[PDB]
Every structure is written in structure tokens, then in C-alpha cells.
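Numbering-wise, the first sequence is residues -10 to 69 according to our numbering. Backbone N, C-alpha and C fix where the C-beta goes; we use that ideal spot for every residue, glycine too.
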Amino acid sequence: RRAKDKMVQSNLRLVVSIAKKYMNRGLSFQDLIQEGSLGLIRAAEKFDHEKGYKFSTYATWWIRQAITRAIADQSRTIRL
DNA sequence: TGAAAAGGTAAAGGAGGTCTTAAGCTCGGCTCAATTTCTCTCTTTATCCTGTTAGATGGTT
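Okay, structure coming up:
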């Protein structure tokens, strides 16, 4: 539990760094951060050390996907 | 006992309702093309879900 907690916790800075690139699309900056946190959690749940890659490369995909999906599902009143 | 005075009866005539036809119409049925619903298949999208491996790591107005 503590290991997963630390993996997510120490990468929130990465989450903020990616989430700052969509601050004018329908979601507030704080919403982008909290939606990308879910992607970071999933990335930390599916990271493979045996792949031999940096976590900052795998986590970016999940963070970006979570934020993009959140924008697609929460930016408009009449959701498309 | 005679005499009003009212009350009847039998007509003629009219008034009114009820019957009859020649002229004409229009109305429904019958057929019969000519089509709009319906109900299956048979697809075909509309909507949702999951994943993505170079590295990246604190805001703008």
C-alpha cells in the first residue's frame, strides 16, 4: 500500500506539468490535475519494471489519456 | 195560453291536412388501380471501454 502511495505521490509534479498544457479547454486547472491523478494511479498500477523503461515515459500516456477523456466527458453542459 | 229564449239538427262551404305523380338530382356501392403502414430481416452505425513505453516532474494573469 505504502509503495503504491509513494509512487503516485512523488509523481504528482509530473501530473501538474502535463495538466498545465490544457488550462483553456473547458476544465479548470484544478480539475485537470485531479483527473490526471487518476491516470497516474492507473499508470502506477500497470507499470512494468522488467520493461526497462523510466516511469516518466509510461505514466505520461495514462495522464494524458485521463485528462483528454475528462475534457471529452466534463467540459460541456450538453456533453458530446 | 202565448210568448220569449235557449238549444238543437241538417247543410254548404270553406280551411286544412294528407295523399298522389313527372323532373331532377346525388349518393352509395361496386370494382379496381393505386398506392401508405407494418413487420420481419439485415445492416449499420452510435456509444462505451481499454490500452499507449525515449524523457519529461510547482501557474498566469
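Check your understanding: Does the segment 29 to 46 come close enough to the segment -7 to 5 that 3 or more CB-CB pairs lie under 8 Å?
Key -> yes
Check your understanding: Going straight from the alpha carbon of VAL4 to that of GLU39, what length do you get?
Key -> 23 Å
Check your understanding: Near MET12, which residues of its chain fall below 8 Å by C-beta distance, leaving aside the five closest residues on each side in sequence?
Key -> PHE18, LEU21
Review point. Taking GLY25 as the reference, which of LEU69, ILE67, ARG68, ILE52 has the closest Cα?
Key: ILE52
Check your understanding: Cβ of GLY15 within 8 Å of Cβ of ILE60?
Key -> yes
Exercise for review: Taking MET(-4) as the reference, give the member of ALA8, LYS10, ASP37 with the closest Cα.
Suggested key: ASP37
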